[PDB]
DNA sequence: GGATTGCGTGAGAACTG
DNA sequence: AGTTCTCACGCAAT
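Below, the structure is given as structure tokens:
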């Protein structure tokens with residue numbers, strides 16, 4: 081009964097599936113001790129236990157998402173250089189001014208509308224896409301400065329969205 | 037008794053983890069240590085050193125997929141749990157092939173070694212076979234267009261990309 | 001009554017039909 | 001019946 085039921089799949093097969101459990105944590109422990117700068121400078125032995133006891137320090141020093161908006165913002169801005177812009181339904185006046193608008200300060204986005212920051216050739220490709259719950263279109267925004305084609309696209325069982333007054337388009341922009 | 041002095045530390049880091057309380061403690065012992073390492077590196081996403089002498114989450118729904129050089133993930137979109145049938149913490153740190161097709165694993169491997200400093204090809208774009216949650226067919230061919238970076253044993257090549265459907 | 005990483009197996013949840 | 005796992009106290013090693 082212990083031929084292949086306890087020796088080949090009871091110990092061997094298990095030993096292969098329960099030994100790595102102790103090598104991955106030590107790996108992570110060694111993989112986590114390095115990140116902690118206050119644990120590597122120890123007399124030839126970062127203690128594999130204090131690697132976590134003091135690790136709570138940085139775990140303490142540093155709810156929605158473990159990353160911060162400025163991170164994701166800089167993250168997406170680093171992803172494909174995407175800035176967030178929120179204009180009105182038809183008014184054309186931009187509501188939000190994105191802090192990663194490095195495709199050009201708020202001089203043109205504060206008063207002038209989006210139509211002012213694009214090329215007039217968008218006479219139709221910039222109004223039809225305005226008011258499919260989500261719009262996909264590649265308008266011609268300018269700010300040499302006229303060739304930064306920006307491809308924009310924006311908008324379980326949930327009806328509305330408890331948030332500020334946002335009946336308009338909120339999309340991104342990436343050099344495509 | 038020292039073999040129990042750890043859980044007193046784990047319940048801390050588990051509670052010291054940026055995730056909702058609804059399913060916070062659903063993390064296994066290796067899940068916390070896995071997520072415990074996938075967050076501190078975020079601390080140094082950009083700058084946690086100094087040697088050299111909000112509500113902005115509207116873009117995630119209007120769509124961010126991070127990748128490393130050792131064939132594992134660094135950060136999964138905070139909205140990659142609705143367009144895809146899984147959660148962020150479940151694979152926020154595990155290898156990418158665990159969610160990529162078989163014959164297609166060689167494609168992602170070549171986008172880093174044979175590719176690589201803002202020059203050809205700093206920003207790549209291609210299709211591939213991705214996994215699916223089931224009301225699904227088990228794979229989706231997203232369009233991964235990444236922008237290579239130098240995220241900070254010297255630094256290695258990172259990947260700041262955003263994948264979308266086909 | 002005393003402590004270090006690390007090696008087994010089994011009580012039992014929890015994903016298996 | 002079924003299964004993989006996570007989690008548990010116990011053991012020979014420093």
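Protein chains in written order, with UniProt numbering: chain A, 81 to 142, 155 to 195, 199 to 226, 258 to 269, 300 to 311, 324 to 344; chain B, 37 to 89, 111 to 120, 124 to 176, 200 to 216, 223 to 241, 253 to 266. Ideal placement from N, C-alpha and C gives every residue a C-beta, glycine not left out.
Three-way DSSP call (helix, strand, coil) for residue i in this model
{"i": "residue 210 (chain A)", "result": "helix"}
{"i": "residue 309 (chain A)", "result": "strand"}
{"i": "residue 119 (chain B)", "result": "coil"}
{"i": "residue 335 (chain A)", "result": "coil"}
{"i": "residue 168 (chain B)", "result": "helix"}
{"i": "residue 231 (chain B)", "result": "coil"}
{"i": "residue 164 (chain A)", "result": "helix"}
{"i": "residue 264 (chain B)", "result": "strand"}
{"i": "residue 122 (chain A)", "result": "coil"}
{"i": "residue 139 (chain A)", "result": "helix"}
{"i": "residue 160 (chain B)", "result": "strand"}
{"i": "residue 267 (chain A)", "result": "strand"}
{"i": "residue 146 (chain B)", "result": "coil"}
{"i": "residue 68 (chain B)", "result": "helix"}
{"i": "residue 55 (chain B)", "result": "coil"}
{"i": "residue 170 (chain A)", "result": "helix"}
{"i": "residue 74 (chain B)", "result": "helix"}
{"i": "residue 200 (chain A)", "result": "coil"}
{"i": "residue 62 (chain B)", "result": "helix"}
{"i": "residue 84 (chain A)", "result": "coil"}
Residue i, buried or exposed, once every other Cβ within 10 Å from all chains shown has been counted against 16
{"i": "residue 216 (chain B)", "result": "exposed"}
{"i": "residue 140 (chain A)", "result": "exposed"}
{"i": "residue 168 (chain A)", "result": "buried"}
{"i": "residue 239 (chain B)", "result": "exposed"}
{"i": "residue 204 (chain A)", "result": "buried"}
{"i": "residue 173 (chain A)", "result": "buried"}
{"i": "residue 267 (chain A)", "result": "buried"}
{"i": "residue 206 (chain A)", "result": "exposed"}
{"i": "residue 128 (chain B)", "result": "buried"}
{"i": "residue 138 (chain A)", "result": "buried"}
{"i": "residue 70 (chain B)", "result": "buried"}
{"i": "residue 202 (chain B)", "result": "exposed"}
{"i": "residue 303 (chain A)", "result": "exposed"}
{"i": "residue 135 (chain A)", "result": "buried"}
{"i": "residue 59 (chain B)", "result": "exposed"}
{"i": "residue 165 (chain A)", "result": "buried"}
{"i": "residue 122 (chain A)", "result": "exposed"}
{"i": "residue 14 (chain B)", "result": "For residue 14 (chain B) there is no data in the structure shown, the boundaries of chain B being 37 and 266."}
Those residues which DSSP pairs with residue i across a bridge
{"i": "residue 177 (chain A)", "result": "A:189, A:339"}
{"i": "residue 206 (chain B)", "result": "B:236"}
{"i": "residue 101 (chain A)", "result": "DSSP lists no partner for residue 101 (chain A)."}
{"i": "residue 261 (chain A)", "result": "A:310"}
{"i": "residue 132 (chain B)", "result": "B:155"}
{"i": "residue 125 (chain B)", "result": "B:136, B:261"}
{"i": "residue 213 (chain B)", "result": "B:160, B:229"}
Proximity below 8 Å, CB of residue i to CB of residue j
{"i": "residue 193 (chain A)", "j": "residue 186 (chain A)", "result": "no"}
{"i": "residue 231 (chain B)", "j": "residue 172 (chain B)", "result": "no"}
{"i": "residue 209 (chain A)", "j": "residue 190 (chain A)", "result": "no"}
{"i": "residue 262 (chain A)", "j": "residue 182 (chain A)", "result": "no"}
{"i": "residue 76 (chain A)", "j": "residue 306 (chain A)", "result": "Since the first residue of chain A shown is 81 and the last is 344, residue 76 (chain A) is not available in this structure."}
{"i": "residue 125 (chain B)", "j": "residue 138 (chain B)", "result": "no"}
{"i": "residue 235 (chain B)", "j": "residue 259 (chain B)", "result": "yes"}
{"i": "residue 260 (chain A)", "j": "residue 311 (chain A)", "result": "yes"}
{"i": "residue 45 (chain B)", "j": "residue 132 (chain A)", "result": "yes"}
{"i": "residue 160 (chain B)", "j": "residue 213 (chain B)", "result": "yes"}
{"i": "residue 269 (chain A)", "j": "residue 199 (chain A)", "result": "yes"}
{"i": "residue 131 (chain B)", "j": "residue 148 (chain B)", "result": "no"}
{"i": "residue 228 (chain B)", "j": "residue 209 (chain B)", "result": "no"}
{"i": "residue 161 (chain A)", "j": "residue 145 (chain B)", "result": "no"}
{"i": "residue 205 (chain B)", "j": "residue 253 (chain B)", "result": "no"}
{"i": "residue 170 (chain B)", "j": "residue 157 (chain B)", "result": "no"}
{"i": "residue 81 (chain B)", "j": "residue 163 (chain A)", "result": "yes"}
* **the stretch 70-79 of chain B / the stretch 152-165 of chain B touching (three or more Cβ pairs under 8 Å)** => Contact holds: three or more Cβ-Cβ distances are below 8 Å.
* Are three or more beta carbon pairs between the stretch 100-117 of chain A and the stretch 41-60 of chain B nearer than 8 Å? -> Using a C-beta cut-off of 8 Å, the stretch 100-117 of chain A makes no contact with the stretch 41-60 of chain B, since fewer than three inter-stretch Cβ pairs fall below that distance.
* **the stretch 100-115 of chain A touching the stretch 124-142 of chain A, judged by at least three CB pairs closer than 8 Å** => Short answer: they touch.
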